[PDB]
Amino acid sequence: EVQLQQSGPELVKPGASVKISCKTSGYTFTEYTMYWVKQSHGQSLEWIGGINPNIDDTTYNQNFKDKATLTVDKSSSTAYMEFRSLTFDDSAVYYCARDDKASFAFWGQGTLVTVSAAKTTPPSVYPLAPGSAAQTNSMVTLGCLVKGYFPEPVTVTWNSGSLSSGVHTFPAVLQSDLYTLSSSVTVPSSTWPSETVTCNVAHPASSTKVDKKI
Amino acid sequence: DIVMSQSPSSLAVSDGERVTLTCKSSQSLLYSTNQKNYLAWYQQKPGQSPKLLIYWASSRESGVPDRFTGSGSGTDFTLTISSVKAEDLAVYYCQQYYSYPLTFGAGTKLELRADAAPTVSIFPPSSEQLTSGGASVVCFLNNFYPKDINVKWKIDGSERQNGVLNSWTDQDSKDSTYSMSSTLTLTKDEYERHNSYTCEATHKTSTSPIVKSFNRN
């Protein structure tokens with residue numbers, strides 16, 4: 001019906017300025033207003049502000065004072081949003097909201113804007129194995145730790161996609177401007193340690209691929 | 001500013017039961033000229049855009065199925081679902097359009113059921129970790145329910161809270177369960193000054209906490 005195309009993810013350093021666009025198609029730009037909603041902490045939604053493209057009416061929230069200034073484009077039929085003085089708390093996903101009527105509002109796909117003072121490092125992985133000689137469970141669990149990579153994401157598979165069942169991927173945590181994650185799969189005792197398993201991690205931003213046999 | 005509160009935060013439901021959500025505002029959101037209530041209910045899928053379901057808190061939008069209906073006016077706002085489906089796993093919000101600035105709700109998420117519990121996932125540190133100058137012992141909590149759980153790290157009988165990195169996952173799509181990892185990192189000479197490391201976790205379905213430990217030497 002109406003398409004709200006935005007920009008992609010951006011890797012910015014703290015101190016610079018980022019610009020977020022929201023392309024409009026299928027409807028006239030000079031009739032309806034555009035709003036912006038900031039989504040923080042996964043679930044919490046914060047209202048940024050709004051702009052009327054015809055009469056240049058601009059209102060902003062008290063939490064976004066001297067930070068967000070809204071600008072519209074009357075020739076390319078798109079909206080612009082720029083941020084000033086980016087800090088560590090601005091790591092959030094931003095959406096453009098189309099205020100058509102009081103009945104329905106359309107949304108975009110969102111722009112992932114992460115900010116860190118951070119260099120791209122190859123991930124260092126270490127295999128994990130239980131140090132006990134015997135156990136009571138019929139299943140043996142294994143894993144491998146992924147530490148020291150930037151940026152998100154890293155695709156972690158097991159045995160080249162053959163051991164797809166029973167895999168558990170944990171979300172990353174930011175520690176000293178770099179993310180760390182882990183994974184755990186369940187293996188029956190009839191294979192380990194007679195049959196070897198491998199960890200396959202992939203980083204397309206660094207173009208590396210290291211295989212660790214456990 | 002007009003602030004809104006939502007209750008409850010989370011609730012576990014089955015397939016086919018009735019779900020009622022409550023949104024409460026501190027002031028009246030009723031406009032007296034047209035008897036309209038300026039509040040709309042939201043619904044956001046994991047990985048998709050948030051969409052609207054109920055506008056003016058009592059009417060249904062085109063494209064929304066007949067199971068989503070709303071009632072209430074002024075202060076109390078209720079969203080009642082007649083029969084939930086498998087695709088109803090989403091987070092709901094309520095937003096007022098009465099006065100500027102606009103505020104959002106706290107967020108309500110539904111869960112599934114039930115009865116998952118772990119026993120042992122203790123992993124000792126490997127030999128490749130100590131060559132880099134550090135040490136890291138991990139504790140996973142796989143196949144556990146509910147997500148309300150407390151983890152505790154014990155080192156030679158002493159409690160240590162610094163350096164604990166917790167990570168929770170979402171609900172599984174196969175057995176409707178959760179998974180949680182807890183990683184305690186430290187330096188290399190602190191690992192050699194201690195022998196025993198106890199991984200403690202307390203659960204709701206058990207009357208005794210599960211204790212398990214391993215030795216270095």
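The values are calculated or read from the model by the stated rules, or taken from the named source; no laboratory instrument gave them. Methodologically, a virtual Cβ is constructed for each residue, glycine included, from the backbone with ideal geometry; neighbour enumeration extends over all protein chains shown.
The set of residues in the range A:149-168 that are part of a strand (DSSP E or B) and surrounded by 15 or more Cβ atoms within 10 Å (Cβ to Cβ) comprises A:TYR149, A:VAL156, A:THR157, A:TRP158, A:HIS168.
Scanning the range B:67-100 for residues that are part of a strand (DSSP E or B) and either free of Cβ contacts under 8 Å to residues at least 12 places away in the same chain or closer than 25 Å to A:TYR35 by Cβ (or both) turns up B:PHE68, B:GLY70, B:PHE77, B:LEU79, B:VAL91, B:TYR92, B:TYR93, B:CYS94, B:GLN95, B:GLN96.
Criterion first (more than 15 Å from A:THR121 (Cβ to Cβ) and either more than 24 Å from the chain's Cα centre (by Cα) or within 12 Å of another protein chain (Cβ to nearest Cβ) (or both)) does A:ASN200 satisfy it? First the steps, then the outcome.
On the way: more than 15 Å from A:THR121 (Cβ to Cβ): yes; either more than 24 Å from the chain's Cα centre (by Cα) or within 12 Å of another protein chain (Cβ to nearest Cβ) (or both): no.
When the stated conditions are applied, A:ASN200 does not pass them.
Does B:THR185 qualify as being within 26 Å of A:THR180 (Cβ to Cβ), surrounded by 13 or more Cβ atoms within 10 Å (Cβ to Cβ) and away from chain A (no Cβ under 14 Å)? It is false that B:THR185 is within 26 Å of A:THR180 (Cβ to Cβ), surrounded by 13 or more Cβ atoms within 10 Å (Cβ to Cβ) and away from chain A (no Cβ under 14 Å).
Considering only residues that are surrounded by fewer than 19 Cβ atoms within 10 Å (Cβ to Cβ), within 14 Å of another protein chain (Cβ to nearest Cβ) and in a loop (DSSP other than H, G, I, E, B), which ones fall in the range A:100-129? A:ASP100, A:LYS101, A:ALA102, A:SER103, A:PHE104, A:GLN109, A:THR121, A:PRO122, A:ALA129 - these are the residues of the range A:100-129 that are surrounded by fewer than 19 Cβ atoms within 10 Å (Cβ to Cβ), within 14 Å of another protein chain (Cβ to nearest Cβ) and in a loop (DSSP other than H, G, I, E, B). I'd like to know if the range B:171-180 contains one or more residues that are within 14 Å of another protein chain (Cβ to nearest Cβ), farther than 23 Å from B:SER14 by Cα and not in a strand (DSSP E or B). No, the range B:171-180 has no match at all. Would you pick out the residues in the range B:189-217 that are polar (S, T, N, Q), within 12 Å of B:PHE123 (Cα to Cα) and surrounded by 11 or more Cβ atoms within 10 Å (Cβ to Cβ)? Those that are polar (S, T, N, Q), within 12 Å of B:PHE123 (Cα to Cα) and surrounded by 11 or more Cβ atoms within 10 Å (Cβ to Cβ): B:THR198, B:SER213.
Screening A:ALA97 against (1) farther than 24 Å from B:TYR55 by Cβ; (2) within 12 Å of another protein chain (Cβ to nearest Cβ); (3) surrounded by 13 or more Cβ atoms within 10 Å (Cβ to Cβ) leaves a single unmet condition, (1). Between a first residue in the range B:184-195 that is assigned by CATH to the domain that holds B:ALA135 and a second residue that is aromatic (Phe, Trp, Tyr), which pairs have beta carbons less than 8 Å apart while being 6 or more apart in sequence or on different chains? Here the result reads B:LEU184/B:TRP153, each pair linking the range B:184-195 to a residue that is aromatic (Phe, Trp, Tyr).
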